[PDB]
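*Asks:* Sending over a structure as structure tokens; questions will come in a sec.
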Amino acid sequence: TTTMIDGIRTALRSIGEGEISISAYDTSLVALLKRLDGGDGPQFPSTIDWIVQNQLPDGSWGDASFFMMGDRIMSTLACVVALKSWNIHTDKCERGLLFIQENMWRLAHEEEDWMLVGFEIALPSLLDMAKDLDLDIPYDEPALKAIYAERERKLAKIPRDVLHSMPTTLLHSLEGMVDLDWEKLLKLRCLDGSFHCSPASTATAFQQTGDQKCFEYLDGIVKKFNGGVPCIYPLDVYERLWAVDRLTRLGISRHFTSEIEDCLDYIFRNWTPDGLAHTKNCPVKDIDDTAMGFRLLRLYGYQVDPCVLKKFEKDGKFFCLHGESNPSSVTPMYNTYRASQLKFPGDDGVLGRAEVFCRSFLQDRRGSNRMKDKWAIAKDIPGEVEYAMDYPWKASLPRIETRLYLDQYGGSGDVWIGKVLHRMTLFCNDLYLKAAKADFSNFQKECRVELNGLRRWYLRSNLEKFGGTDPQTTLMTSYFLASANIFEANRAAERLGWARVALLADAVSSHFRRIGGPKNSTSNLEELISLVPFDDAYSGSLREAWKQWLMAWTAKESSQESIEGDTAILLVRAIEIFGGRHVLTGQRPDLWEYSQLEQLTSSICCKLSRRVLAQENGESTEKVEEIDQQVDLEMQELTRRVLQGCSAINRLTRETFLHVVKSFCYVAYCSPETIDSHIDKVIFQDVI
Amino acid sequence: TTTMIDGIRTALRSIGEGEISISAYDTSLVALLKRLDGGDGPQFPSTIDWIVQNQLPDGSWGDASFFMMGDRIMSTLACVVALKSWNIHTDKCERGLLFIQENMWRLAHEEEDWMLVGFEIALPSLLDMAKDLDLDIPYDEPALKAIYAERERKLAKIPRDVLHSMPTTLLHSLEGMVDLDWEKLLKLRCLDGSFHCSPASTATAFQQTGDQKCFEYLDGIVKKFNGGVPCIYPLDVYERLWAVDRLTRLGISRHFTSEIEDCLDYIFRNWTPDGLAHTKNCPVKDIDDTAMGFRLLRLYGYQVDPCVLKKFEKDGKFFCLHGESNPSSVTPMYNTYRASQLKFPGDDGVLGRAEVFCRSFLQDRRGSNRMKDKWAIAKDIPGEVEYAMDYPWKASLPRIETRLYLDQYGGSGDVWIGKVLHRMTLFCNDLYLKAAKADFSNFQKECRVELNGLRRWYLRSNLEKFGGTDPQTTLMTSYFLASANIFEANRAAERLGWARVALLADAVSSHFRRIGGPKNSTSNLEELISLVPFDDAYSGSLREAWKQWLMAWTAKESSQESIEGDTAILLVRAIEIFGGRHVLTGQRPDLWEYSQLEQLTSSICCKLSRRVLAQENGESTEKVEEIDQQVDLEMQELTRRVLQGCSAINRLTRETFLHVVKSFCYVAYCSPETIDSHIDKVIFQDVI
Amino acid sequence: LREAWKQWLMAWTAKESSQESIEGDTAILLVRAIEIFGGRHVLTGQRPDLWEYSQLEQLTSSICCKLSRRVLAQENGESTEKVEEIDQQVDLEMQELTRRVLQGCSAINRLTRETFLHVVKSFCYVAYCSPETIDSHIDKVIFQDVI
């Protein structure tokens, strides 16, 4: 009920470190260690106290909600070569490798998509030491003549100079590389002690170089997890970004105003002009973390340098990694195109050069299956992308996709791959949906009785008579854009009062052209403003805006520009009376930048409505994308005042300036068919 | 009864466009119309199937519970000149033509004006198509040239030329009008195309001009309405406008408040300034259907206007018809007496000009037996209007109007007038009488058990130490005035609060009628009220109204005003706190609705008691008329505030102000010998 | 403010054809107006207090009309018997009005109750002060300076 929001709070009140599934391939690699005394033997025999309980009837390991033997082989032969060194509990290995003989012909049958890290590289390092004990296993195999022969055709191409002088990503999987040096390569480590944040790449060196200061990397893991080891630790800032990236896309984050910035507190201290990574103590950066942080650092309003992308592109090619090539997966280029829209005109042109890459990169790849990822599997990854390419940030309502994000999100039925596949429950649950399919569902419930209540007032106050062809389609259109922006149950008085004066100014806009302007109108028009009920805290200064609005028609008598943008000054000034909020009076730049914001908001809709008249004449395109090349810069200049804290006017009045003008950008970018779908999706058809 | 209480709901929510009987004369006019697709027989064979198989073996056609051959010859002679003409089952032609020629002698001695509309002009239209078949038709009858003389006087009462400049109501029976210009007719039809919305016009249309649009109308009401033609379709603004007039007059409408709101809006969706017809799209409109729905909509807080009644004032006259001055029935003028009872002083005086007409129109024809009802046969014409005219709206109680209403309605016991004696089955069903009279029957036990329940309270509380004149008449009349305004069973509790605390104020009146007041009585009477059924939910609430009332007995002592101007505010102050509903703080007009209301009722009953202190004193009627014309004007504004839709004050808190002065306005206009004739009816002489 | 103007304007059409004057609600136009310019909101969250603010307008409005036919007969004196009798009906309606404003066992604030006293005292004094005297009061209080 309400405690589901409490449970995520207590799952966020205690953020120490990551929630990752405990792995088994490196559990054999840590359990294969002699004691420093040597009498105790294995160092942490809790690993044996974990394996003989975490097991299924075929003796197998891992993907207990799936089936993939290509990783499961790497935990079924590793667990038995750890079971014959100390040579305890020989009861289920002889059946646990006998099942592999049943499926030693099921090896080469998985697709090109699932090729794990260390596959042709780190797996033959298991096999030649498996036969060090010479257990009953088919060594040669005609299916294995790919990982055998093209072992070298993966590794002999990289030079031994660049791996003995320069730090690159090959320090994670290092068992496949042999005859290396330890004394000259020990100054190119990670910061906490690891070799690229993987304990196997410590344990491959702890056997030759017993670095006691690196023993405390593993000893700290078996103390914190109380036995057992996962494949990657730590994941502190990988945890933080994927927490909040789900939260604002799901739409439950607005209860957590204390907590949401607290993650952003840890990022702004560790932000650098070079980049950031999965953990903080890793040198080799990438593209994902620099990009997706910037879309979340800038959004809540922290000034963040937009020049970090200059490292991660070269020669007109935006690479996924520093110093190493990539067959470009979608999971960089999705969120790289997402942060390619929050731009300011004062920024560097590298942000311009990114979106001219990804749109050329993602438009063509929609037909064939090149949009798949080699590192994930989930319910709908590409379905989000086709929405993001055609619905930009400038015209998206903040409610339409929040309904659609439910229809694309699997939850904890989605698995990440690595060396060993795993899940993340501080990140994905079946509970974030339970919070979302509770509060959004009753919001969908509690708002459709409001339009039921908003119906009859329109049909009783004598105003429905004239205007359009039918009242009902204008009634549901005017409440959609007036409630998709403000969606919480405490500001309904602003919400419904918006939608009323929305329907007031347009049926009288219809009435003036039907008589030909205000030259031959005789009925008094300042008395229609009283059909809104009298309240004391609101309706005093409300009527002052309608009076000053009336003379814009006498101003636009015999002058042939459109009259849409000045009607936005109705909405942007009436609504704040329903919030009872002045500007802060005594501060003159507060007086200034409100007026500076009022001008540009009135200036978008002159450009937009003239475009709609220019396009519906069937005129050519080389002028109507010029209007798109004219309002692309008056949209981003609107953002710099909103996002950056340009003066001390409180944020509450600043969302609404953007909340009105995005709605007018939405009407002029959706055909009259496709909004009638979105009305039918988010309002009526209930979730569960 | 849940079969019947929901049974009205399930029947009155399946409202199509009415349910009326199949005609026997218009169905004859469409049966002779053949196919047009190169066929052999009729276009509509299932209408002649309804002709063949419905018939009652007495020989005639028409209605079942009436024998007026003024209807039957239109139902026989037109019907038998069709199926013989198509030569389809002429076996039953002699079956019908046998009994006519020896029973058509009764046509000579008929009644003057129980004749069908357009009977005297459509029967000579049958003669040229009867001698087309030339059966043994005895034309020798004095009802033949005497209507020929009326026919050529109807070729002298209708004009040819000026008729095309404006439509008139004779387009419902236009078979007596032939050989005219038809492209001048084409711009004189409604959007159904059928002239005066009647199917008989289109039979003449397919002799000249094969328009598709006058065909699909007739084809849809046979092929989708399952054979046979009605007399006028549709009937949507007659079946909704009268069923709300009938069901609310029963008084059992309280269980249907979800439903009466909707059909009233379809009245308002069809609201026009030039009136409301018997159908939705008629190009001609009446006054009686106009000035009835006007009255009902004002009685439910809607926004109406009586400025639309300058369109039937015939220079100080009124008529049912728009252009002609024919002698009408009483029910146009009966309805305009109902609507001119209540008004607001911001209007035209046309309702004054009509009420001085509608009294003086009905004043003489009450005194004689001139109760001619030309368009409706019903049970009790003069006795109902004798209740309506000889009892005013200011003293019209909601229960001495429903107890009398179980006397005049029959349900199936009516028959309606059109071109065919037809019937309705929706609002002319007596199935409600198995419910509503049983609702009064369980109402009668719902008031009987508290007759004795307030007898024993008068003894056990012992108020007879200063009781007064006569208990059993005055305990009853206090409960007559308390049960004649609140009778819903969920609110049966606070009704007993009314009749109880009223007599307490009558008791201390009989204490202070002769002992002066506070200057001779040291009696406290503070906690002496608390012999009432008393809760802590009335923790102080009765005491502050009490001592303020005794302060009026203190202050107005040795004055000469009425000491019932304080009792009137006291009762509703007592009634509401028994019912337990509070006002909000709200805006300033909300108490301004309150504080202007309580001045009006404190002025009227103080004014009203002057007349009771004048009639028995026997003074001049100039003072009587100058105490009546003043007390009517205080009423005429007062009724607006209790009957608006714009009231911020709560709904049921409003009409309680109306109810208590209604009892004050009643008993000043009645005698004790007319009052027992109401007491023995609504309490003692039960139904059934 | 302007609804009380609208409530005063609709009360014109109440006595549009009647024989009364507009004085019995001109004060209600003014006793409401001091609460506006001043923001003095009433607390009707309790039932007996709203029963008193309604009752406070009961006393004033009858006085204003009983003074109205007083002064229009005062210029005439067509019934000199009732001239010394209308005002002996008036005073014992003032006698109860000046009770409830002066007393304190109510729940209304102190400063807003004498506003009821302030309107009728401005109203009653000009009914008893001749036009020869109302000017002779003004000059020697507000124009002819002290010290």
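Chain lettering (A, B, ...) mirrors the order of the structure tokens, residue numbering begins at 1 for each chain separately, and ligand numbering begins at 1 in order of display.
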Residues at most 8 Å from stretch 142-145 of chain A, counting only C-alpha atoms, excluding those fewer than 4 positions away in the same chain, as a PyMOL selection string?

*Replies:* chain A and resi 105+107-108+149-150

*Asks:* Residues of chain C within 12 Å of chain A, counting only C-alpha atoms, what are they? List them as a compact mmCIF listing (two decimals) with N, CA and C atoms, in the first residue's frame.

*Replies:*
# COMPACT_ATOMS: atom_id res chain seq x y z
N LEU C 1 -15.32 42.52 -2.97
CA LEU C 1 -16.10 43.74 -2.79
C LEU C 1 -17.29 43.78 -3.73
N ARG C 2 -17.10 43.41 -4.99
CA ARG C 2 -18.09 43.70 -6.01
C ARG C 2 -19.28 42.76 -5.99
N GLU C 3 -19.19 41.64 -5.27
CA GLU C 3 -20.38 40.82 -5.11
C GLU C 3 -21.39 41.51 -4.20
N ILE C 36 -14.12 44.11 4.18
CA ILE C 36 -13.27 43.94 3.01
C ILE C 36 -12.01 44.78 3.16
N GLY C 39 -9.88 43.17 5.75
CA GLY C 39 -9.67 41.74 5.69
C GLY C 39 -10.18 40.97 6.89
N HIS C 41 -12.01 38.60 8.45
CA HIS C 41 -12.77 37.40 8.12
C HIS C 41 -13.46 36.87 9.37

*Asks:* With chain A fixed, least-squares superpose chain B over all its C-alpha atoms paired in order and give the RMSD in Å.

*Replies:* 1.2 Å

*Asks:* Report as a VMD selection string the set of chain A residues whose atoms approach chain B to within 10 Å, with distances computed over only C-alpha atoms.

*Replies:* chain A and resid 456 459 to 462 464 to 465 531 533 to 537

*Asks:* Would you put the residues from that selection into a file with N, CA and C atoms, as a tab-separated table (two decimals), in the first residue's frame?

*Replies:*
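Saved result, result29.tsv, follows:
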chain	number	residue	atom	x	y	z
A	456	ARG	N	-19.92	18.32	-16.89
A	456	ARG	CA	-21.23	18.95	-16.82
A	456	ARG	C	-21.12	20.47	-16.68
A	459	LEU	N	-21.16	21.95	-19.82
A	459	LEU	CA	-22.44	21.73	-20.46
A	459	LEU	C	-23.59	22.35	-19.69
A	460	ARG	N	-23.31	23.27	-18.77
A	460	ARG	CA	-24.34	23.90	-17.96
A	460	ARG	C	-24.13	25.41	-17.93
A	461	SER	N	-22.88	25.84	-18.12
A	461	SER	CA	-22.57	27.26	-18.05
A	461	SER	C	-22.77	27.98	-19.38
A	462	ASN	N	-23.62	27.45	-20.28
A	462	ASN	CA	-24.14	28.10	-21.48
A	462	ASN	C	-23.06	28.45	-22.51
A	464	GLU	N	-21.07	25.97	-24.09
A	464	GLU	CA	-20.85	24.87	-25.01
A	464	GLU	C	-21.57	25.04	-26.34
A	465	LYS	N	-22.46	26.02	-26.46
A	465	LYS	CA	-23.39	26.13	-27.58
A	465	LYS	C	-22.69	26.32	-28.92
A	531	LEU	N	-17.95	32.90	-15.29
A	531	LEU	CA	-18.49	31.53	-15.26
A	531	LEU	C	-17.61	30.58	-14.47
A	533	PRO	N	-16.12	29.93	-10.87
A	533	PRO	CA	-16.71	30.31	-9.58
A	533	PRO	C	-15.82	31.26	-8.79
A	534	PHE	N	-16.47	32.11	-8.00
A	534	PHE	CA	-15.75	33.11	-7.24
A	534	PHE	C	-15.08	32.48	-6.03
A	535	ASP	N	-13.76	32.55	-6.00
A	535	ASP	CA	-12.98	32.32	-4.79
A	535	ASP	C	-12.25	33.62	-4.46
A	536	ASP	N	-11.94	33.80	-3.19
A	536	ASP	CA	-11.25	35.00	-2.75
A	536	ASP	C	-9.76	34.97	-3.05
A	537	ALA	N	-9.10	33.84	-2.80
A	537	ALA	CA	-7.65	33.78	-2.95
A	537	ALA	C	-7.21	33.76	-4.40

*Asks:* Contacts of residue C:25 at 12 Å or less, counting only C-alpha atoms, minus same-chain residues fewer than 2 places along, as a ChimeraX atom specification?

*Replies:* /B:595-596,599 /C:4-5,7-12,14-15,20-23,27-32,57-58,60-65,68,119-120
